[PDB]
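Here you get one chain, nothing else, as structure tokens; it is the form solved without its partner chain.
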């Protein structure tokens, strides 16, 4: 089979994980999607000439059993860590997601991309500089996105695939 990249989208409730995923898969903005639904989605794409499958888990937070969270973190190859640029708490929550994924995977080398979503809004509490400072400390890419306009969406997901490829070559 063609290569499949297992991607996981994490971040506080309300940041736009479902809207980003639906824009990536369906190329539509869905402005209302039940915050409590967690599901996977698939898309066959071409990234840098490689025909591959993106198998994306759109997370929704706590699970019935914490073993389910640990399972998807171990299964996932790369993580989109999403905050919203007008929600400081969602940005502070990135520290928890970064820690938890490394902790579960028991790894100091986990492919991740920091995503600052809702960049179409002038209303902002997290400046680009502050998010760049955090991504610099993690040694990962940072991309500002808008699930509404689709700005940065393919970049965020395709960059994560490229980070997974760099990890595999070691």
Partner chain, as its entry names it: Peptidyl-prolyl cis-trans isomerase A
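Under this definition, the rigid core comprises the largest set of C-alpha atoms superposing within 1.5 Å between the forms. Residue numbers count along the first chain shown, from 1.
*Asks:* Regarding 19-27 and 151-159, which shows the higher C-alpha temperature factor on average in the entry?
*Replies:* Result of the comparison: 19-27.
*Asks:* If I read the C-alpha B-factors straight from the PDB entry, which of 56, 104, 113, 68 is highest?
*Replies:* Out of 56, 104, 113, 68, the record gives the largest C-alpha B-factor to 104.
*Asks:* Test of reading the entry: by CA B factor among the chain's modelled residues, which third contains residue 61?
*Replies:* Its C-alpha B-factor belongs to the highest third of this chain's values.
*Asks:* Would you mind ranking residue 140 by its C-alpha B-factor against the rest of the chain and naming the third, lowest, middle or highest?
*Replies:* It belongs to the lowest third of the chain when residues are ordered by C-alpha B-factor.
*Asks:* Going by the entry, which third of its chain does the Cα temperature factor of residue 37 land in?
*Replies:* CA B-factor rank for residue 37: highest third.
*Asks:* Taking only the Cα B-factors deposited for this chain, tell me whether residue 125 sits in the lowest, middle or highest third.
*Replies:* Within its chain, residue 125 is a middle-third residue by C-alpha B-factor, going by the deposited values.
*Asks:* Of the three thirds of its chain by CA temperature factor, lowest, middle or highest, which one includes residue 100?
*Replies:* Middle third.
FYI, the form deposited with its partner chain bound isn't displayed, but the following is about it.
*Asks:* Given that its partner chain is left out here, which of 137, 130, 26, 125 has a heavy atom within 4.5 Å of it in the bound PDB entry?
*Replies:* Here the answer is residue option 26.
*Asks:* Taking 4.5 angstroms as the cut-off for heavy atoms, does residue 50 touch its partner chain in the bound PDB entry?
*Replies:* The answer is no: residue 50 has no heavy atom within 4.5 Å of its partner chain.
*Asks:* Find out whether any non-hydrogen atom of residue 33 is located within 4.5 angstroms of its partner chain in the bound PDB entry, and reply yes or no.
*Replies:* Close contact exists here: in the bound PDB entry, residue 33 approaches its partner chain to within 4.5 Å, heavy atoms only.
*Asks:* Give a yes or no for residue 121: in the bound PDB entry, does one of its heavy atoms lie within 4.5 Å of a heavy atom belonging to its partner chain?
*Replies:* No - in the bound PDB entry, heavy atoms of residue 121 and its partner chain never come within 4.5 Å of each other.
*Asks:* Out of 60-78, which residues reach within 4.5 Å of its partner chain in the bound PDB entry, heavy atoms considered?
*Replies:* Read in sequence order, the residues that approach its partner chain (within 4.5 Å, in the bound PDB entry) are 64, 65.
*Asks:* After superposing on the rigid core, which residue out of 137, 125, 128, 66 has its C-alpha displaced by 2 Å or more between the shown form and the other one?
*Replies:* C-alpha shift of at least 2 Å: 66.
*Asks:* Say whether the C-alpha atoms of residue 99 and residue 64 sit closer together or farther apart in the bound PDB entry than in the form shown here, given that their separation changes by 3 Å or more.
*Replies:* Between the C-alphas of residue 64 and residue 99, the gap narrows in the bound PDB entry (3 Å or more compared with this form).
*Asks:* Taking the cut-off of 3 Å or more as given, in which direction does the distance between the C-alpha atoms of residue 97 and residue 66 change in the bound PDB entry, closer or farther?
*Replies:* So the answer is closer.
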